[PDB]
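Trainee: Have a look at this one.
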Amino acid sequence: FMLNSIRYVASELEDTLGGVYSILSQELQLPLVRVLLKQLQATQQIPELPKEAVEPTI
Amino acid sequence: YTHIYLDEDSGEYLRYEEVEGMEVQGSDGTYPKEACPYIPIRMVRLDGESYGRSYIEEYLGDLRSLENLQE
Amino acid sequence: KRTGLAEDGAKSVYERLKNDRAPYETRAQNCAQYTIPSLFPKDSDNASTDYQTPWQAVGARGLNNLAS
Amino acid sequence: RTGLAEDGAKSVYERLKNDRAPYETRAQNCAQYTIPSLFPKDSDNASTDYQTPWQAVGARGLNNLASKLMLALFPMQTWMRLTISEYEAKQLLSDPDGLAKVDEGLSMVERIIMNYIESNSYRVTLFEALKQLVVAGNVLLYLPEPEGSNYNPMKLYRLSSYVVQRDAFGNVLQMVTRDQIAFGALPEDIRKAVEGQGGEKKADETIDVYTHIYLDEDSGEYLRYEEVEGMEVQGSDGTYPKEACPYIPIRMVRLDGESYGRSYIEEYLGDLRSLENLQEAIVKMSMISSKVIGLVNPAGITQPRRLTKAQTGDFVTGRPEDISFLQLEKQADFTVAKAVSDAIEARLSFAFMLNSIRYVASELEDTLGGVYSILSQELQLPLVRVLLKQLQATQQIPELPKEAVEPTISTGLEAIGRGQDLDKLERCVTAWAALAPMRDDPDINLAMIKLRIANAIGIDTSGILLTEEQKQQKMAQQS
């Protein structure tokens, strides 16, 4: 449970111990960033004029 | 009750709200297959199973034994 | 008027699928009971219910630490 | 189809599933002794409880190995290098500035590969594949053809979903992948195909789709098609070269003859068995110890009724010796069991790197099991050989050098950080920084010394250092 332990508490600590925390980075983070976008984009809170690419989210 | 499902044809998710028997005409939103604002989550994904398998699920035996000893 | 997967109705599909959700609810209830029990109470559980604290008391700390 | 395909995808998959059984059984055993939920059985489904292992060290080691290999094979820094094979492009090149521009273009291609890998969430799928490899070394990673910019992560195929056929050399490949996609979500072509083959399919019932690729009986490449029910789908008729096949079967430990398998923890399965048995015995002895029984001697005078029906204090008639409690006398056996368990845990931890970038590879991670160099030819290169060609098929990394083939040398250890070129360049530049006080030293020739030390370092100074002709023409131009 990591009782006997940003970037060191992540890609390490909460990685070698905890199996995969990257499944919550593709199941919780990306989906939220992809809904916040297109929602803030349907409303006039972020610019909407890519016309170059689709600007992927990592 | 809010129910969203795949379009039987080559379509996107169809969303509607049912309160009591009949739906509400006001709620007829349709969302793309990509930007679905409901976002079901799963911690440990297993093929076949629709969801579940918490992290503490596979340490439940240790908790059982430790709690028995401490009791 | 609704097409496939929705002709019967939201209530009916929810009732049908709730039976397939039972094992996950039971395992979640067990995990909650051995860790902090108040997190995932049973459907019947309501006010006037006392959540006996686990003896081990390491599950609660581990859950809190993982969440943090 | 004919030539390894006349019978059909379903028939060949069923035939080859019998040769997959031993690997599945060994994988299931390894999963059971480590985290059991990782590799569930086919019969196993929801409503099944995975009894957690007693030893609880195989799971730790599995997680550590997966994380370490993922931090070594696929790191944050570029893990592949595009080489140019100098002296093959020099002959058809104007001045070393051209070579530097070619290297810059290769670096840009590497950066774009980084961008594509990170944008499609390849890291999660790679980590899952790596963990599956450690528990049961075999995974098939299908890379769909890019379509626009929408992310298309590789669809990981566990052992239970695919089969492979290999000859002694492994040259012969016949890979069949089974995927259960329910009608209503079936790709349009497959949806119409299944509807045409039969009548109406319920949106809930699962539909089995088989994708089979085989060597062309003649001097041909791999032939790919998708079969849903008896007859294939006219839409799927792709043909792929034997080099750039987007399915990329993986194996952790290769043994000649065997088509695949031999997970890493297979050889340590006996130690896991012994540790689990010892830990189970210890836990059960502890549970025995937990129970408390009051042994009262009949020959005594103490009566437990007056003991129970008495508050704190409340002097009672009796003798302390009469009341005794049962105890687990098995102590020395406990000590020897603990010693053996500690020894087994220590050896396993050394084997799983629990008792431990380049120090996370070369040393540690490539010394506690040499699999960082066998999985750099099975997972790293095949992925960069398919990712580059697809991204060339679309207009994302246009290549038109006409000089070399720009070979990929992923080979992490070889090119972890773009190779040891920055170190050589900084060392030679620092050396050239010296000798400045002795410029007014007519006895020595600065250029000779500089070139000699550059040769000693082995670095290429075709353009960095101006030769006699270059110096003379520069002086003439300056005038």
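If you're wondering about the labels, chains in the structure tokens are A, B, ... by order shown, residues count from 1 in each chain, ligands from 1 in order shown.
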Would you kindly return, as JSON, numbers by chain, each protein, DNA or RNA residue with an atom no farther than 7 Å from any atom of residue 3 of chain A, considering only C-alpha atoms and excluding same-chain residues fewer than 2 positions away?

Mentor: {"A": [1, 5], "C": [62, 65]}

Trainee: Fewer than 4 positions away in the same chain doesn't count, so skip those; otherwise give me all residues within 8 Å of residue 32 of chain A, counting only C-alpha atoms, as a VMD selection string.

Mentor: (chain A and resid 28 36) or (chain B and resid 39)

Trainee: Grab the residues selected above and save them as an mmCIF file, in the first residue's frame with C-alpha atoms.

Mentor:
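To be explicit, this is the file written out as result-v5.cif:
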data_model
loop_
_atom_site.group_PDB
_atom_site.id
_atom_site.type_symbol
_atom_site.label_atom_id
_atom_site.label_comp_id
_atom_site.auth_asym_id
_atom_site.auth_seq_id
_atom_site.Cartn_x
_atom_site.Cartn_y
_atom_site.Cartn_z
ATOM 1 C CA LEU A 28 -9.655 8.923 -15.893
ATOM 2 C CA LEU A 36 -13.326 19.317 -20.738
ATOM 3 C CA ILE B 39 -16.917 8.132 -18.657
#

Trainee: Up to 9 Å from chain B, what residues of chain D turn up? Count only C-alpha atoms and give them as a list in words.

Mentor: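 Applying the cut-off to the listed atoms yields residues 35, 36, 37, 38, 39, 40, 45, 46, 49, 50, 51, 52, 53, 54, 56, 183, 184, 185, 187, 188, 203, 283, 286, 287 and 290 of chain D.
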
Trainee: Rank D:174, D:149, D:25, D:91 by their smallest atom-to-atom distance to residue 55 of chain A, using only C-alpha atoms, and report the top residue only.

Mentor: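 Closest residue, counting only C-alpha atoms: D:149.
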
Trainee: Could you check which of C:68, C:9, C:55, C:61 is closest to residue 33 of chain C, using only C-alpha atoms?

Mentor: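 Looking only at the distances to residue 33 of chain C, the closest residue turns out to be C:55.
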
Trainee: Restricting the calculation to only C-alpha atoms: of C:49, C:35, C:26, C:64, which residue gets closest to chain B?

Mentor: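 Ranking C:49, C:35, C:26, C:64 by distance to chain B, first place goes to C:35.
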
Trainee: Residues of chain C near chain B: apply a cut-off of 6 Å, count only C-alpha atoms, and supply the list as a ChimeraX atom specification.

Mentor: /C:4,10,55-56

Trainee: Can you list, as an MDAnalysis selection string, every protein, DNA or RNA residue that comes within 7 Å of segment 263-271 of chain D when you count only C-alpha atoms, leaving out same-chain residues fewer than 4 positions away?

Mentor: chainID D and resid 30 133:137 252:253 275 344

Trainee: Return the neighbours of chain C among the residues of chain A, cut-off 12 Å, counting only C-alpha atoms, as a list in words.

Mentor: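 Every residue of chain A that passes the 12 Å test is in residues 1, 2, 3, 4, 5, 9, 10, 13, 14, 15, 17, 18 and 21 of chain A.
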
Trainee: Just the residues within 12 Å of residue 391 of chain D, please, counting only C-alpha atoms, with nothing from its chain fewer than 6 positions along; format it as a PyMOL selection string.

Mentor: chain D and resi 109-110+112-117+143-149+383-385+397-399

Trainee: Report as a ChimeraX atom specification the set of chain A residues whose atoms approach chain B to within 8 Å, with distances computed over only C-alpha atoms.

Mentor: /A:23-24,27-28,31-32,34-35,38

Trainee: Give the answer as one residue: which of A:58, A:45, A:29, A:51 has the shortest atom-to-atom distance to chain D, using only C-alpha atoms?

Mentor: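 Smallest separation from chain D among the options: A:58.
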
Trainee: Just checking: using only C-alpha atoms, which residue out of D:201, D:191, D:389, D:452 ends up closest to chain C?

Mentor: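 Closest residue, counting only C-alpha atoms: D:201.
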
Trainee: May I have the residues of chain A within 6 Å of chain D, counting only C-alpha atoms, written as a ChimeraX atom specification?

Mentor: /A:16,19,22,58

Trainee: Calculated over only C-alpha atoms, which of the candidates D:155, D:470, D:202, D:23 has the smallest distance to chain C?

Mentor: D:202

Trainee: Between atom CA of residue 417 of chain D and atom CA of residue 379 of chain D, what is the distance, to one decimal in Å?

Mentor: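 Atom-to-atom, atom CA of residue 417 of chain D and atom CA of residue 379 of chain D are spaced 18.2 Å apart.
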
Trainee: Any idea which chain C residues end up within 8 Å of chain D if we count only C-alpha atoms, as a PyMOL selection string please?

Mentor: chain C and resi 4-5+23-24

Trainee: Keeping only N, CA, C and O atoms, write those residues as a short mmCIF file (atom, residue, chain, number, x, y, z; two decimals), in the first residue's frame.

Mentor:
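Saved the output as out-v8.cif:
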data_model
loop_
_atom_site.label_atom_id
_atom_site.label_comp_id
_atom_site.auth_asym_id
_atom_site.auth_seq_id
_atom_site.Cartn_x
_atom_site.Cartn_y
_atom_site.Cartn_z
N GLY C 4 -33.31 -0.73 -30.74
CA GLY C 4 -32.66 -1.77 -29.98
C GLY C 4 -31.99 -1.30 -28.70
O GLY C 4 -31.51 -0.17 -28.62
N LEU C 5 -31.99 -2.17 -27.69
CA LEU C 5 -31.37 -1.91 -26.39
C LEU C 5 -32.19 -0.94 -25.55
O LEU C 5 -31.85 -0.70 -24.38
N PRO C 23 -22.28 -9.45 -7.74
CA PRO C 23 -20.98 -9.89 -7.19
C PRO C 23 -20.03 -8.74 -6.92
O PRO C 23 -19.31 -8.76 -5.91
N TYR C 24 -19.99 -7.75 -7.81
CA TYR C 24 -19.12 -6.60 -7.57
C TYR C 24 -19.54 -5.84 -6.33
O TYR C 24 -18.69 -5.42 -5.54
#

Trainee: For atom CA of residue 395 of chain D and atom CA of residue 52 of chain A, determine how far apart the two atoms are, in Å to one decimal place.

Mentor: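 The value is 13.0 Å.
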